[PDB]
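Build me a model:
(6 chains, ligands or ions: 5)
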Amino acid sequence: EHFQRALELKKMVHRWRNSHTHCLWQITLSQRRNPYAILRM
Amino acid sequence: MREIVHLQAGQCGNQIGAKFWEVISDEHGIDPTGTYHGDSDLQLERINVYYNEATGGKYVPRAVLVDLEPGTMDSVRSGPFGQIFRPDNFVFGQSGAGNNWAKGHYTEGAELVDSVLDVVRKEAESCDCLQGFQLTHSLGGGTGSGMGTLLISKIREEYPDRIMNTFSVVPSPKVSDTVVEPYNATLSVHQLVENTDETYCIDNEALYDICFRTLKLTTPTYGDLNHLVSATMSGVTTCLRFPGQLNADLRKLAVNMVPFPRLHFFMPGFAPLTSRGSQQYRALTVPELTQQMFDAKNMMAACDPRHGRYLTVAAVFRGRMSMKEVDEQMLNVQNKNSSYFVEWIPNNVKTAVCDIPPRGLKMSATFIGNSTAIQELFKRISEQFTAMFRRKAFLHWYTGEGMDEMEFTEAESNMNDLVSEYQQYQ
Amino acid sequence: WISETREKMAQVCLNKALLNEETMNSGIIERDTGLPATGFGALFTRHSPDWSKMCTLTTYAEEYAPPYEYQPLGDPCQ
Amino acid sequence: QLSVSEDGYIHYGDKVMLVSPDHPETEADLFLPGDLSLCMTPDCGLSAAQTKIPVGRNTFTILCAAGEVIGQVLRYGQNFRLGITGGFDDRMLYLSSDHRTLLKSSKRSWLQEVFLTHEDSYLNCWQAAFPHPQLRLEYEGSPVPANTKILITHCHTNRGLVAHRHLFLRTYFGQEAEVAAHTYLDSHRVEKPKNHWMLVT
Amino acid sequence: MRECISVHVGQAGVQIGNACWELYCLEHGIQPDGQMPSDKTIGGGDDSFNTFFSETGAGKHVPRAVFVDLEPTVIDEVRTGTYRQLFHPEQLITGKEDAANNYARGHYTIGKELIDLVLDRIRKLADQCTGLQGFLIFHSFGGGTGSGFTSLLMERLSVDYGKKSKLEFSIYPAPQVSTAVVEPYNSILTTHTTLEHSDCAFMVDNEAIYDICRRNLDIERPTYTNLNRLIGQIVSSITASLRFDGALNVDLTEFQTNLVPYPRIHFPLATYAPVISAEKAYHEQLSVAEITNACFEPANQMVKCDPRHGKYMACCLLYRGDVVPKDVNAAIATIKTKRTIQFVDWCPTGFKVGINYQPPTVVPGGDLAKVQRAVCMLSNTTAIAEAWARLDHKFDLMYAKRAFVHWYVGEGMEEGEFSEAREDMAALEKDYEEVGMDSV
Amino acid sequence: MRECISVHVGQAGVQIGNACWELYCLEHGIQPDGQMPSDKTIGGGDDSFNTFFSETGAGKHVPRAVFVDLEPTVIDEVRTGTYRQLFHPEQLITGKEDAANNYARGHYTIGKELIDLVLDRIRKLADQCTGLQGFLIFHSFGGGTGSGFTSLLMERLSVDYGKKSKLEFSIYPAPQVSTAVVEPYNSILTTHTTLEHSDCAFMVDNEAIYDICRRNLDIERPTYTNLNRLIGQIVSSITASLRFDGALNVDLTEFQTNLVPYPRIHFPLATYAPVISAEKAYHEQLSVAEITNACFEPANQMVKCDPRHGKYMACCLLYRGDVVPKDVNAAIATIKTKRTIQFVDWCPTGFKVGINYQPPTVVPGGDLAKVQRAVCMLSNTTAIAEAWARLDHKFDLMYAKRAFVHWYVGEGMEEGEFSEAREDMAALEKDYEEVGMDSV
Ligand SMILES: Nc1nc2c(ncn2[C@@H]2O[C@H](COP(=O)(O)OP(=O)(O)OP(=O)(O)O)[C@@H](O)[C@H]2O)c(=O)[nH]1
Ligand SMILES: Nc1nc2c(ncn2[C@@H]2O[C@H](COP(=O)(O)OP(=O)(O)OP(=O)(O)O)[C@@H](O)[C@H]2O)c(=O)[nH]1
Ligand SMILES: Nc1nc2c(ncn2[C@@H]2O[C@H](COP(=O)(O)OP(=O)(O)O)[C@@H](O)[C@H]2O)c(=O)[nH]1
Ligand SMILES: [Mg+2]
Ligand SMILES: [Mg+2]
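Residues are numbered from 1 along each chain as shown, chains lettered A, B, ... in the order given. Ligands and ions are numbered 1, 2, ... in the order given. Sharing the structure here:
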């Protein structure tokens, strides 16, 4: 059950890292994908 | 009212439907900044079939854009049509798959399925009436053939009532681009034949023929080849898309084109093709389109109708047209070359129409059809798979993610009895 | 007296149109009166492409016009 | 052309452009070098470019919010409006904001946000004040001179326009700076050079 | 964000990474003292450089690879050179005494004492490596540090980071030119260990580039810095799909899934097509077939062996710049008419394509011209069995006299490490004879 | 309000009472005259400094501190140093003869006549406060005043004030090197006496910061000032939340609540995270997870005692700079029970977190640069039971042949105090052995 709780907090930290990658990509997706539209202009 | 769910995967798929949502934006008259700037109130009538409404008067599609990496969703956001796709409609893993089915089907492609399954059930159940599912999968790679072709197996688990139709990218003929393609195409066919109900087949060396033999281009690109792939999707739905004389839909053609559950193996086409300088000099009338869409070089699946026989043939038409002189053109070609069907079916053709030709054009068509010389297409892969399995070549990429050889022993037993159906009808 | 890596990296360290976007307005057009016509009209190629438009009416919408003209009507009642 | 100041003080009806004075601070580590002037920004928004001459994209006409006359001496801690003329025949635009919710957050830092809008309300009035905390109530309601360090404060949030030169907004112009509204106070609880402003003529 | 934690080892890897890491500074807008002139990169830059350069609160772009040796005496020129403010003070691991053409001290005695401070730095650099699919290794079989330290790492990374990719831009010791003498011992023993732990091996050798810069380039009397840019461009077209846009961006698993069919065969070649001088290129004509058909003629290969004796078996491509994809279809279609260019029966498909936008940026002060189309066909071939049998033939002849052996028992080995690295190469010579064996 | 007095004992107390209080002068706006400069703008009603700096009317800020020594040649460097006008002369207590590396000299004979005046002055610096959070004791176990007079300061302080906070930061002897020889007699006979008269604690060994400075910085040939500066950087972060605001807060009553499970087991450690040089600060960018893992690594520890052998009894964290509570709480969660990190089962939640916005301040002439995140972590362990076991080892070794003992009996002292101060650590070695037992 110690293994159960430790690998529980393993799921929680993996989920938070996954969501950090996801959220970071969408907000700076807007930010860094504006300039190639300006270069095509 | 009978909306269509746009499904994709991979980097081939997203670089195909980057042009499908160009011509829907062209034909409904949609600026790439959200609003509407069209020339009539017919296009705004049936406009929620491909464009959900919101505040600000705008229109985002039912857009599902998937790959197993952010490798190609950077290019659609900064393409010409980029701020009409939704920021929450790019689903991604981290590591791209890269040329195996198993990590697309079991480990990397299969782990991220619980965000496609969210966005379908959030969107498609909130449609007032969906009509079915349309998915284009990169059939020759590892993500589209792996992850999207998993979803083809697992939304046909949920709703079996609807219609499944694909625009698949079957492997090319003479020049070949990836050595795992006599596996990731051999194995997907084992999944398709019980879990697809129309299968269109698209070949790029069969579509570089058109921009040299017909449309007269020295330098073609993908933004040139993919619009004849947007023809086979934006121009078959025209009975839902615009009013007119006679409206026959996508369910109305699977009744008329396939007679069987093991036959859904189509062979597409597109009628009004010519050069660019000679646009003024060829008259686009009744005899010209019917003379065009029956030849070998006006067909997109890289096979020959001479070596076998068709069974069924469908044809959208558009624009104001006469229906008598169209009929005597297609009653003739059922009868002049009487070898090139079977004599145990009465007729083969279906005529649907519309009112409005696609913008720029004036009198158009499209072409759908089953044929039993697509059995040659699925024999060149099964020729290659026999000359690889016996040396056990390349195989350790496949057991490393949990598959066995029993996915491999029966992905030729399926491709044997499939062609062992088309051999009688010959 | 210096080494080759330092030498090559030091060498790496040491290593118009008439109408512009500011001229596009004042360079005028449509002058000297060349004859504009098609075929053998011999003008430079004018703004004559087959422009892309959608046909607003259909068969039903054209042939079911009011057969005879009339004064439409008024609100049915107040 | 801006309007000259006879006496030192800034009346209404004067064409005046808004610029943050140059900072000797070093704690930020990211630093546009000096005298950063506020500007209208389209893709509208608002952001301060580098130091600029009066170009009409900068020029603010000092209007009246409490029904004042065209020429009237302005005192600290009193409402006024600062109006940017549009490029075409648009009459007036308003330096605006809103009390923060989750969804109206500023770009590149999730703070209060300041932008431009047509409509008129009390979210358009601003009042400027003395920088020294011990002297505010001594010099409150006194004629404010031409080119002097004064803080810009709202009258419904009591926050303040921040020269937030940590982050860069690359624009069409490429000159950069991010502007929000937030009050900063030191360990001695005094107003930073992050928030100062100067209304040049 | 996509990444590449590349690995360099030795005199080899630091006078290669003086010329390989020169280009990543040069192809992006990276100036040689950390920063950027802020002139906007082709496409999106903020994701294009993040395979190499990261950011701090000074705007300072600092790389993410590693340079290892067992001395300061060649690392110090990086430390006292043009690029001194750019690299990190603890990304440059040093030793004190070089392994001195030994596999004995290099693997165990002067390996174990210094392996541990390295592994802080990788696991402190691999924290923020979100998209990184492997490790890319630049080592030397014929030396001490490139072969002793390196295969000490190769038995360790596979334990820790599991089933990750490993591909090697490795400096193969050459067929005729002798730099050292007893380089069979450091090369055959490291290919007893790495061969079950790595997964692909790009193979280059120095003399077969010295052939090329005399006859394709016209430079008489070149150096390593002349040679190290041709390998230093081969690395940067392989990487070039993650970085700058194109029709066919290519993931890091496309390499090792299409160049290697088995576990114990993972030995391709390396070839790079438009190798032509800076002044004569504009009176010859660069066409896509001439760029394509140059790489199957053996004078452009970077291993002196011949495919006339053996057989091609798997291949690749990566075009770049102005590429019409119809011409790629109608250039490869001419190779399929040859019997002098032979395949085995069990790779009927054969190829792979990657396409970018960028024409290849040229180092200012170099040898090659400003070309606009480049393709590099990293490809398997079963005629390294002739090449491997000559670093093998002269080992059997030497051991019969039992020569040079006493300095290898004397630092932490037995005599049994010598026998099994002939027992392993015996079965590999019993292996390429059946991989290329036809089926009737 | 919210006052907290410093009481530093020894010449080590005065070498610490200069480097701490020079940071405190430039952490706030203080000049060495004492007055903040005119043209420095403060609103006046809000005073951050008022825990430490008192105030007259004119603006002079005299610290609430007293220094203790018994030989004048260390405070006379203070009395005519740079800060000779800031420190009020009454506060700097000097003897005339020093207790001279002994216990009973400074505990019964010589220190007896200097507890009279210091007790007079602490009632003149603790009447001014409304709420005194606690005193602090910075003493050295080695010398006579830091061992003898310090414990006699402790016992009298219990009578006079009862249950105020009395923390200590003690300069424990290093295990290998030392100032002297007779230091264990002064290091156990104070620890046996400062058990019931001590609230919370910390430890430092002098050789342990010597390890950190060379392996993390390039400051070769350090000095005690280059160690006394880091002691300032770790005391400031203890009290960082008292004066400046935060998303959370830690007061001085608050270590003992969450780190003292039993009122004799009050022995944490100390660690400061981002030890990195000014030319290494610019290159490597840092995150909150990056600074936490350093405090978990044994190299950053301020003791020569690895908690890998022991169980983390409880923890405390003091974050600083631009930290988010979101990413503070992510690396906290990333650290485990199953790692080399390992907790007792009777402490399941296991932490305390305090967040201060105000970034740490850089002193002229130090070593560390303008770093932007930091950690002051104070983790108890069962591993301190080997630190007592080595000092038990080397005290009964010196007590076997009954050495130096004539220097202890005749200085107003009894005899059996050696026989009980070895007995007392024997039970407290058992007490620290049963605090970490798994649940039965
Ligand atoms: N052509 C070329 N050859 C190189 C280059 N760098 C290293 N070499 C070859 O590498 C071999 C040199 O041996 P080392 O790499 O110094 O051996 P080591 O692995 O470093 O081991 P130690 O010398 O003991 O430190 C020679 O064959 C060189 O020709 C290079 O940049 N270009
Ligand atoms: N770790 C550390 N130890 C210090 C520092 N300064 C002094 N010390 C220690 O202080 C001890 C010196 O003895 P003290 O107690 O300070 O001398 P004292 O207070 O005059 O006592 P007596 O010499 O007996 O009169 C030695 O152990 C030094 O190592 C310091 O800055 N850091
Ligand atoms: N017609 C067309 N074909 C494409 C396009 N992009 C990729 N392809 C084809 O799809 C294949 C690429 O497979 P890929 O997408 O990498 O496989 P995946 O890893 O499963 O997504 C190649 O054979 C290409 O010829 C495109 O924009 N248009
Ligand atoms: Mg070396
Ligand atoms: Mg003393």
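
Work out which residue lies at the spatial centre of chain C.
For chain C, residue C:47 is the residue whose C-alpha lies nearest the centre (Cα atoms, centre = their mean; 9.4 Å).

same question, chain A
Mean-position check on chain A, Cα atoms, centre = their mean. Result residue A:21 at 1.5 Å.

part of a helix, is that one?
Yes. Assessed by DSSP: H, G, I helix; E, B strand; the rest coil, residue A:21 belongs to a helix.

shouldn't it be in contact with residue B:93?
No. Here residue A:21 does not reach residue B:93: they are 10.0 Å apart, not a contact under Cβ atoms under 8 Å. In this view, the C-beta of every residue, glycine as well, is placed from N, C-alpha and C.

So which residues of chain B form strands?
B:3-7, B:52-53, B:59-60, B:65-66, B:90-91, B:130-135, B:164-169, B:199-202, B:310-316, B:349-352, B:368-371 (DSSP state E).

Which positions in chain A make contact with chain B?
A:21, A:25, A:26, A:29, A:30, A:33, A:36, A:37, A:40 (Cβ under 8 Å from any Cβ of the partner chain).

If we only consider those, which is nearest to residue F:37?
For the residues of chain A next to chain B, the residue nearest residue F:37 by Cβ to Cβ is residue A:30; the value is 46.6 Å.

Name whatever forms a beta bridge with residue D:40.
Applying DSSP bridges to residue D:40 gives these bridge partners: residue D:46.

OK, contacts around it?
D:46, D:57, D:58, D:84, D:93, D:116 (Cβ atoms under 8 Å, 6 or more residues apart in numbering or on different chains).

any idea whether residue E:7 is helix, strand or coil?
Per three-state DSSP, residue E:7 ends up strand.

List the contacts of it.
Residue E:7 neighbours (Cβ under 8 Å, 6+ apart): E:13, E:65, E:66, E:68, E:135, E:136, E:137, E:138, E:139, E:153.

cool, and residue E:205?
E:171, E:172, E:173, E:174, E:175, E:302, E:303, E:304.

how near is the residue in chain D positioned nearest to chain C to residue E:427?
Going by Cβ to the nearest Cβ, chain C is nearest to residue D:172 of chain D, at 14.2 Å. Distance of residue D:172 to residue E:427, given as Cβ to Cβ, to the nearest Å: 66 Å.

Now stretch E:258-268 - C-alpha only, CSV.
C-alpha atoms of stretch E:258-268 as CSV (Å, rounded to 0.1, in the frame of the first residue of the first chain):
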residue,chain,number,x,y,z
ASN,E,258,14.2,2.6,-42.0
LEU,E,259,18.0,2.1,-42.0
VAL,E,260,18.2,-1.1,-39.8
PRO,E,261,16.2,-4.3,-40.1
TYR,E,262,17.8,-6.5,-37.4
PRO,E,263,19.5,-6.2,-34.0
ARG,E,264,23.0,-7.3,-35.0
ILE,E,265,23.2,-5.6,-38.3
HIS,E,266,23.2,-1.8,-37.7
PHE,E,267,26.0,-0.6,-40.0
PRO,E,268,25.1,1.9,-42.7
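
give me the beta-bridge partners of residue D:36?
For residue D:36, the beta-bridge partners under DSSP bridges are residue D:20.

From ligand 4, how far off is it?
According to Cβ to the ion, to the nearest Å, residue D:36 stands 52 Å off from ligand 4.

I'd assumed residue D:47 was in contact with that residue.
No. If you go by Cβ under 8 Å, residue D:36 and residue D:47 don't touch, sitting 9.8 Å apart.

Touching both of the two, which residues are there?
By Cβ under 8 Å, 6+ apart, residue D:36 and residue D:47 have these common neighbours: residue D:177.

Check chain C for the residue nearest chain A and tell me.
Counting by Cβ to the nearest Cβ, chain C gets nearest to chain A through residue C:21 (12.6 Å).

hmm, back to that, how about the strands of chain B, which one is nearest ligand 4?
Minimum separation from ligand 4 across the strands of chain B (Cβ to the ion) falls at strand B:90-91, 47.7 Å.

What backbone torsions are found at residue D:17?
The phi/psi pair for residue D:17 (degrees, to the nearest 10) reads phi -110, psi 150.

before we move on, what about residue D:79?
Residue torsions, per degrees, to the nearest 10, at residue D:79 are phi -70, psi 140.

Determine whether the claim that the residue of chain D closest to chain C is in a helix is correct.
No. Assignment of residue D:172 by three-state DSSP gives coil, placing it outside any helix.

With adjacent residues omitted, what lies nearest to it?
Leaving aside its sequence neighbours, residue D:172 sits nearest to residue A:38 (Cβ to Cβ, 6 or more residues apart in numbering or on different chains; 7.1 Å).

if I look at the one you found, how far off is residue D:141?
48 Å.

neighbour count winner among these two?
residue A:38 (12 against 9; other Cβ atoms under 10 Å in any protein chain shown).

Doesn't that one belong to a strand?
No. Counting by three-state DSSP, residue A:38 falls outside a strand, being helix.

CSV for the residues of chain A next to chain B, including distance to ligand 5?
Shown next, in CSV, are these (distance: Cβ to the ion, whole Å):
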residue, distance to ligand 5
A:21, 59
A:25, 62
A:26, 64
A:29, 65
A:30, 66
A:33, 68
A:36, 71
A:37, 74
A:40, 77
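
Quick one: the residues you listed as a markdown table, columns for distance to residue E:61 too.
Output for the residues of chain A next to chain B, formatted as a markdown table (distance: Cβ to Cβ, whole Å):
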| residue | distance to residue E:61 |
| --- | --- |
| A:21 | 22 |
| A:25 | 21 |
| A:26 | 24 |
| A:29 | 21 |
| A:30 | 23 |
| A:33 | 21 |
| A:36 | 20 |
| A:37 | 24 |
| A:40 | 26 |
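
between the residues you listed, which is nearest residue F:361?
residue A:21 (34.9 Å).

How much space separates that closest one from residue E:163?
In terms of Cβ to Cβ, residue A:21 sits 21 Å off from residue E:163.

same thing with residue D:154?
Taken as Cβ to Cβ, the span from residue D:154 to residue E:163 is 58 Å.
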